[PDB]
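When a ligand or atom number is given, it counts from 1 through the structure's own listing order. Here, residue 1 is the first one in the sequence, and each next residue gets the next number.
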Amino acid sequence: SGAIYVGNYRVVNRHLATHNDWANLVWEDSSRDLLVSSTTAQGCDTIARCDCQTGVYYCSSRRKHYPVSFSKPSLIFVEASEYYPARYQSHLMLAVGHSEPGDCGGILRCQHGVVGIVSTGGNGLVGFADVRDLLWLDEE
Ligand SMILES: C=CS(=O)(=O)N1CCC[C@H](C(N)=O)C1
Ligand SMILES: [Zn+2]
């Protein structure tokens with residue numbers, strides 16, 4: 001579990017969104033596994049605006065932050081899971097590292113701020129839903 005809290009937005013994995021998220025919806029995209037809902041209080045996270053390929057992510061199944069090298073956001077094929085059928089998840093970055101359901105939500109961050117959240121992984125893999133192209137998260 002986990003979210004990004006930037007401005008009056010809460011960024012979560014679409015597959016983990018609650019009823020309150022859907023009832024206060026700003027934007028959602030199934031192909032990216034992302035959903036954004038509105039918040040009453042202002043958040044403290046800042047979004048990175050960059051093309052970094054090295055950063056650090058939080059792994060809840062280890063209680064640890066790990067430094068990683070990651071690929072650029074791409075259309076990577078994701079295996080059928082209980083949440084989506086086999087399809088091209090878009091805007092996805094891969095790195096070598098542990099992940100278990102449970103781990104989706106953990107933040108990946110670079111020197112500029114938050115880059116994205118955990119969304120894929122297994123066999124020493126860990127996918128990250130990028131958010132750096134969502135410029136509107138910084139305004140309204
Ligand atoms: C089987 C895929 S996985 O990488 O563990 N993961 C499970 C939860 C959903 C993830 C997604 N982003 O589609 C895929
Ligand atoms: Zn960066």
Exercise for the section: Give yes if a backbone or side-chain nitrogen or oxygen of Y84 is under 3.5 Å from a nitrogen or oxygen of ligand 1, and no if not. Expected result: no

Problem - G121: numbered ligand 1 atoms lying under 4.0 Å from its heavy atoms - result: 3 (S), 4 (O), 5 (O)

Problem - Side chain, backbone, both or neither: the part of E82 lying under 4.0 Å from ligand 1 by heavy atom - result: neither

Handout entry: Heavy-atom nearest neighbour in the protein, as seen from atom 10 (C) of ligand 1, with distance rounded to 0.1 Å
Key = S119 O, 2.9 Å

Practice task
Please state whether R87 comes within less than 4.0 angstrom of ligand 1, counting heavy atoms only.
Solution key: yes

Fill in the blank from the handout: The closest protein heavy-atom partner of atom 8 (C) of ligand 1 is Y83 CD1, 3.9 Å

Handout entry: N/O donor-acceptor pair under 3.5 Å between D130 side chain and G116 backbone
Key = no

Problem - N, O or S atoms of the protein lying under 2.8 Å from the Zn ion (ligand 2) - result: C50 SG, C52 SG, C110 SG, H112 ND1

Practice task
For ligand 1, indicate whether the residue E100 contacts it via side chain, backbone, both or neither (heavy-atom separation under 4.0 Å).
Solution key: neither

Problem - Pairwise ring pair (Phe, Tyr, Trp, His ring centres under 6.0 Å) hits with a residue in residues 91-129, at least two apart - result: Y57-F128

Handout entry: Any donor-acceptor N/O pair, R132 side chain to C50 backbone, under 3.5 Å
Key = yes

Practice task
Determine yes or no for a side-chain-to-main-chain donor-acceptor pair under 3.5 angstrom, with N24 supplying the side chain and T39 the backbone.
Solution key: no

Problem - Protein heavy-atom partner closest to atom 2 (C) of ligand 1 - residue, atom, separation in Å - result: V78 CG1, 3.9 Å

Exercise for the section: Please write down residue, atom name and distance for the protein heavy atom closest to atom 7 (C) of ligand 1. Expected result: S81 CB, 4.1 Å

Exercise for the section: For residues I117 and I4, determine if any side-chain heavy atom of one lies less than 4.5 Å from a side-chain heavy atom of the other. Expected result: yes

Practice task
Look at the side chain of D29 and the backbone N and O of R32, then say whether any donor-acceptor pair between them is shorter than 3.5 Å.
Solution key: yes

Exercise for the section: Please work out whether any backbone atom (N, CA, C, O) or any side-chain heavy atom from C-beta onward of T120 is under 4.0 Å from ligand 1, and answer side chain, backbone, both or neither. Expected result: both

